[PDB]
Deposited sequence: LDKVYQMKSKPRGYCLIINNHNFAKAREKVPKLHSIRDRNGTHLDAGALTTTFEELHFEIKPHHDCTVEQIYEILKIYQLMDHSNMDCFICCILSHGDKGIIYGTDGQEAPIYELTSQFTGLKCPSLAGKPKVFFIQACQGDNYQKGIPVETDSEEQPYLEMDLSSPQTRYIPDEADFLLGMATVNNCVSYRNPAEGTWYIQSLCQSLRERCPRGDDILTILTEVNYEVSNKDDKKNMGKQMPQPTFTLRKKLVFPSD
């Protein structure tokens, strides 16, 4: 017959939006990261994701400029909590990064694995069986993606199931953030989410379009191209309705 993740619970779920803006501590300590600037604009995406996940009945839980250590604790918290009355848990990280890592206010990395593994079925029994979504807007390399011409257009379940992981970009390539409007991925993830949610489309359908937009978006300057790339271990269509 069918299957779809439950999302009846009025207060859907938490939305730890971790918005990093000031990397001054880093510009001092970690040497390599001294010629690093601040992520100006992140606020437009924090105030973008907050708006989106508001009509979707998500009880947003914003967090200032946090450092790795604080970040780990911030997660270690929403992990010992109970999420039964919740049928979904979302986490958004915004900051710089590199090869599978996400720098914090301080300047020291923090492997994605050790952040997303914090909410396995085991670590958080309350979240077992419920979708745990992760949106990570951050660099992932120093390389720029080239752009070729298309010329068209009762039981036990696995411990790491139900996991949506939206990556602002493929590995080894850079993500793009614009000071005036916002970052491409986060903005498309909303302008496409906040619109396709009324008409009831699963997130997997939405992320497809999102990869379409960002693929057209082009860095007029250094012939740059971005290309998101999600990963999911979900079991049923993830969809959230509103009013």
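Unmodelled region of the deposited sequence, numbered from residue 1: 154 to 168 only.
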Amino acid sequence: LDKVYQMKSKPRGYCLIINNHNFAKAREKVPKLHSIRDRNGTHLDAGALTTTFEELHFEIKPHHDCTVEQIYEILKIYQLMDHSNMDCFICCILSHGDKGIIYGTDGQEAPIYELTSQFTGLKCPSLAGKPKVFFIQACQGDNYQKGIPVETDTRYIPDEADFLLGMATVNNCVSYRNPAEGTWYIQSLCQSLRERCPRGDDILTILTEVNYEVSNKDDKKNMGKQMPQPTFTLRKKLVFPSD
From here on, numbers count along this sequence of modelled residues.
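As listed in the deposited structure, the average C-alpha B-factor of 31 to 39 and of 195 to 203 is greater for 31 to 39. When the mean C-alpha temperature factors of 125 to 133 and 81 to 89 are read from the deposited coordinates, 81 to 89 comes out higher.
Listed residues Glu59, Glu209, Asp45, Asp218 were ranked by CA B-factor as deposited; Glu59 comes out on top. Residue-level inspection of the entry shows that, of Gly97, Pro149, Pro158, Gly107, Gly107 has the top Cα B-factor. Looking at the C-alpha B-factors along this chain, the one for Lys237 belongs to the lowest third.
Annotation for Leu165: CA B-factor lies in the lowest third of the chain's modelled residues.
When the modelled residues of the chain are ordered by C-alpha B-factor, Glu73 sits in the highest third. Among the modelled residues of its chain, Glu114 has a C-alpha B-factor that falls in the middle third, as given in the PDB entry. Ranked within its chain, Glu181 lands in the middle third, by CA B factor from the PDB record.
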